[PDB]
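Undergrad: please find the sequence and an experimentally derived structure below.
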Amino acid sequence: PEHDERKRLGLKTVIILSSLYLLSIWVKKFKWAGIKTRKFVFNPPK
Amino acid sequence: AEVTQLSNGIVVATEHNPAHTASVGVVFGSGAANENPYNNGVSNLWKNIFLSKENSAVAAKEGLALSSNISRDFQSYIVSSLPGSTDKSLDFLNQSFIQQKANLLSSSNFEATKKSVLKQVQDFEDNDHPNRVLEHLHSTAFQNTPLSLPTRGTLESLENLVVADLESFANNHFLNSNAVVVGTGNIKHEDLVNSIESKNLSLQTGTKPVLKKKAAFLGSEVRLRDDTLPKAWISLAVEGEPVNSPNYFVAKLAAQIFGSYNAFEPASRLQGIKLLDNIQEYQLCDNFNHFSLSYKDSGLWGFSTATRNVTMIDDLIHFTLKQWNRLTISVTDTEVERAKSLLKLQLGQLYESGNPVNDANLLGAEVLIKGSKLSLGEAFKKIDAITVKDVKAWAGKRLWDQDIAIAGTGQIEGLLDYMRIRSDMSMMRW
């Protein structure tokens, strides 16, 4: 009996969570940018 | 008070106060900011040959004192002597920048000076950590820009330089339109301007120095970690204000609000600085000091610091940056008034010291950028004029949620990721 009602909520859920997922990927990359692009140079001490 | 300035074929500026000595020198409007990544230190070299044993023995016999200084925007060559021997100075200076510009550049004198600034610049990069870090702050803050080149010059570019480079640089830079002759001590304005108008000539008149690309600030960091050092010297700043800026003084006052500190001096501990209550409970550092470095096109506002509490370096940063947060949202009147009084004091001790070469290096600096010098009185006037509303407007533009430049050496394992530090530049709000 929950049928119709369920598939409707399903649509709201999948949309919202999908967006949160995409958004989250984009946000993660931004925060991690500093570490991702980071560079190291070595000079053997005398 | 004083401060006179008249142009002829060049530009002469002076400020005399009947003291004890008289100092004359030529200040050129070009320094390291005008060097190239490959001839970096060409100016530290010029300064060093000018102060050469050969060249010094000459002026010594005559009773003159030689003093030079390399900076970013400019650089200078100054000569001190007794009040009446102002002519004696002019002869030596004009002898070293006209006739003897074929000598000094003589090998075995240049090869000796080359080895001098080499065992010198290396010595600095090996031991003067606090300033090495301070120089690296610029290196990264202004990376790939004029202001990012160190004054003393790199250790590689230095060993590749030759007499040809010194001459080459000197020619495109040691000009007339790019120079200002400065006199400080007690010699009248009309006593020098005339003594200068005596010996004619021009020497490459009509030529202007090469232009370039306006310095820029970038959120970045250089971490020169070295666990063998006993401490951890770290320097942190934001894009500050340039000379002759509407907020040249607002910024300077801000740094004074947090000022400087030295854990070991009893009197430094009793200061009326809010941040002090936090730093002293566990001794988060041995000393710190805020500055408002101003250059031609940019600047750096922040602080330098040294600590042995390597396990609590994140708290030193945190407390500090959260104190800075206050300048935008809650800085108080009595914090500002104190700053004024203390700024007027330390600013005073600079502009009016018992040293002419000092007044000189400060005079040449302003007349080269703003074509005039601002009188200490006018200064105090603008300073007393600053209100809290002003300090807050500046903080909201320069400090609140802005990128920063970080530099550090020694035991900096505890210094956290850029982002953490970058996040303390603000505070949560509803």
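TA: Structure received. Numbering: from 1, shown residues only, chains lettered A, B, ... in the order given.
Undergrad: drop to CA atoms for contacts and neighbour counts, all remaining ones
TA: Fine.
Undergrad: show me the contact partners of stretch B:185-197.
TA: B:4, B:8, B:12-23, B:83-84, B:86-87, B:90, B:183, B:356 (C-alpha atoms under 8 Å, 6 or more residues apart in numbering or on different chains).
Undergrad: from those, which would you call buried?
TA: By neighbour count, with 16 or more other C-alpha atoms under 10 Å in any protein chain shown, the contacts of stretch B:185-197 hold B:12-17, B:21-23, B:83, B:86-87, B:90, B:183, B:356 as buried.
Undergrad: quick one, what contacts residue B:308?
TA: Residue B:308 touches B:230-232, B:284-286, counting by C-alpha under 8 Å, 6+ apart.
Undergrad: among those residues, which lie within strands?
TA: residue B:232 (DSSP state E).
Undergrad: Serialize the contacts of residue B:308 to a markdown table and add fields for distance to residue B:177.
TA: Output for these, formatted as a markdown table (distance: C-alpha to C-alpha, whole Å):
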| residue | distance to residue B:177 |
| --- | --- |
| B:230 | 49 |
| B:231 | 46 |
| B:232 | 45 |
| B:284 | 50 |
| B:285 | 47 |
| B:286 | 46 |
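Undergrad: which of the contacts of residue B:308 has the largest number of neighbours?
TA: residue B:232 (26 neighbours; other C-alpha atoms under 10 Å in any protein chain shown).
Undergrad: list the buried ones in stretch B:408-419?
TA: B:408-412, B:415, B:418.
Undergrad: check stretch B:227-244 too.
TA: For stretch B:227-244, using 16+ other C-alpha under 10 Å, the buried residues are B:231-243.
Undergrad: now, which of those sits nearest residue B:300?
TA: Using C-alpha to C-alpha, residue B:240 is the member of the buried residues of stretch B:227-244 that lies nearest residue B:300, at 4.1 Å.
Undergrad: so who does that closest one touch?
TA: With C-alpha under 8 Å, 6+ apart, residue B:240 has these contacts: B:251, B:292-294, B:298-301, B:398.
Undergrad: out of those residues, which end up buried?
TA: B:251, B:292-294, B:298-301, B:398.
Undergrad: burial count for residue B:274?
TA: Neighbours of residue B:274 using other C-alpha under 10 Å come to 12.
Undergrad: how close does it get to residue B:322?
TA: Using C-alpha to C-alpha, to the nearest Å, residue B:274 is found at 11 Å from residue B:322.
Undergrad: do the same with residue B:162
TA: The separation that residue B:162 has from residue B:322, given C-alpha to C-alpha, amounts to 49 Å.
Undergrad: give me the residues contacting the longest helix along chain B.
TA: For chain B, the helix with the greatest residue count under DSSP state H is helix B:333-351. With C-alpha under 8 Å, 6+ apart as the test, helix B:333-351 has contacts from B:252-254, B:256-257, B:358-359, B:362, B:376, B:380, B:383-384, B:387-388.
Undergrad: buried subset of those as a ChimeraX selection?
TA: The following ChimeraX line selects those of these that are buried, judged by 16+ other C-alpha under 10 Å:
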select /B:252,253,254,256,257,359,380,383,388
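Undergrad: hang on, the earlier thing: list the buried ones in the longest helix of chain B?
TA: Neighbour-count burial for helix B:333-351 flags B:335-344, B:351 (criterion: 16+ other C-alpha under 10 Å).
Undergrad: what angle do the helix or strand just after that helix and helix B:333-351 make?
TA: Downstream of helix B:333-351, the first helix or strand assigned by DSSP states H and E is helix B:356-369. Angle of helix B:356-369 versus helix B:333-351, following axes from the mean of the first three to the mean of the last three C-alpha atoms, to 10 degrees, is 110 degrees.
Undergrad: the helix or strand just after helix B:356-369 vs helix B:333-351, what angle?
TA: Next along the chain after helix B:356-369, taking DSSP H and E as the criterion, comes helix B:376-385. With the same axes, to 10 degrees applied, the angle from helix B:376-385 to helix B:333-351 works out at 170 degrees.
Undergrad: just the CA trace of helix B:376-385, in PDB.
TA: Provided in PDB are the C-alpha atoms of helix B:376-385 (Å, rounded to 0.1, in the frame of the first residue of the first chain):
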ATOM      1  CA  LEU B 376      57.200  63.800  11.700                       C
ATOM      2  CA  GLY B 377      54.700  66.400  12.900                       C
ATOM      3  CA  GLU B 378      52.400  65.700  10.000                       C
ATOM      4  CA  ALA B 379      52.800  62.100  10.800                       C
ATOM      5  CA  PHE B 380      51.700  62.400  14.400                       C
ATOM      6  CA  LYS B 381      48.800  64.400  13.000                       C
ATOM      7  CA  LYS B 382      47.500  61.600  10.800                       C
ATOM      8  CA  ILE B 383      48.200  59.000  13.500                       C
ATOM      9  CA  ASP B 384      46.100  60.800  16.200                       C
ATOM     10  CA  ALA B 385      43.400  61.100  13.500                       C
END
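Undergrad: who are the packing partners of it?
TA: helix B:248-258, helix B:333-351 (3 or more C-alpha pairs under 8 Å, 6 or more residues apart in numbering or on different chains; DSSP states H and E).
Undergrad: swap the cut-off to 6 Å and go again
TA: Helices and strands touching helix B:376-385, by 3 or more C-alpha pairs under 6 Å, 6 or more residues apart in numbering or on different chains; DSSP states H and E: there are none.
Undergrad: what helices or strands is whichever helix or strand comes after that helix leaning on?
TA: Following helix B:376-385 in sequence order, the next helix or strand is helix B:388-398 (DSSP H and E). Applying 3+ C-alpha pairs under 6 Å, 6+ apart, one finds that helix B:388-398 contacts helix B:313-329.
Undergrad: let's see it at 8 Å
TA: Helix B:388-398 sits against helix B:248-258, helix B:313-329, with contacts defined as 3+ C-alpha pairs under 8 Å, 6+ apart.
Undergrad: run through who's touching the helix or strand following it.
TA: Sequence-wise, the next helix or strand downstream of helix B:388-398 (DSSP H and E) is strand B:405-410. Residues outside strand B:405-410 that contact it (C-alpha under 8 Å, 6+ apart): B:129, B:133-134, B:136-137, B:140-141, B:218-238, B:418.
Undergrad: just the ones in strands from those residues, please.
TA: Short answer: the contacts of strand B:405-410 in strands (DSSP E) are B:220-225, B:232-238.
Undergrad: looking at the buried ones among the contacts of residue B:240, which are in strands?
TA: Those of those lying in strands (DSSP E): B:292-294, B:299-301.
Undergrad: and the residues you listed, which is closest to residue B:72?
TA: Closest approach between those and residue B:72, by C-alpha to C-alpha: residue B:294, at 10.5 Å.
Undergrad: any idea how far the residue nearest the centre of chain B lies from residue B:210?
TA: The centre of chain B sits closest to residue B:71, judged by C-alpha atoms, centre = their mean, with a distance of 6.1 Å. Applying C-alpha to C-alpha, the value for residue B:71 to residue B:210 is 18 Å.
Undergrad: check residue B:176 too.
TA: Residue B:176 is 13 Å from residue B:210, by C-alpha to C-alpha.
Undergrad: can you count the residues close to residue B:260?
TA: Residues contacting residue B:260 under the criterion other C-alpha under 10 Å number 18.
Undergrad: beta partners of it?
TA: Beta bridges link residue B:260 to residue B:289 when assigned by DSSP bridges.
Undergrad: check contacts around it.
TA: Counting by C-alpha under 8 Å, 6+ apart, residue B:260 makes contact with B:287-290.
Undergrad: tell me how far it lies from residue B:416.
TA: 23 Å.
Undergrad: mind checking the SS state of the nearest residue to residue B:361 once chain neighbours are set aside?
TA: Using C-alpha to C-alpha, 6 or more residues apart in numbering or on different chains and skipping residues adjacent in sequence, the residue nearest residue B:361 is residue B:76, 7.4 Å away. Here residue B:76 is strand, with the state taken from DSSP: H, G, I helix; E, B strand; the rest coil.
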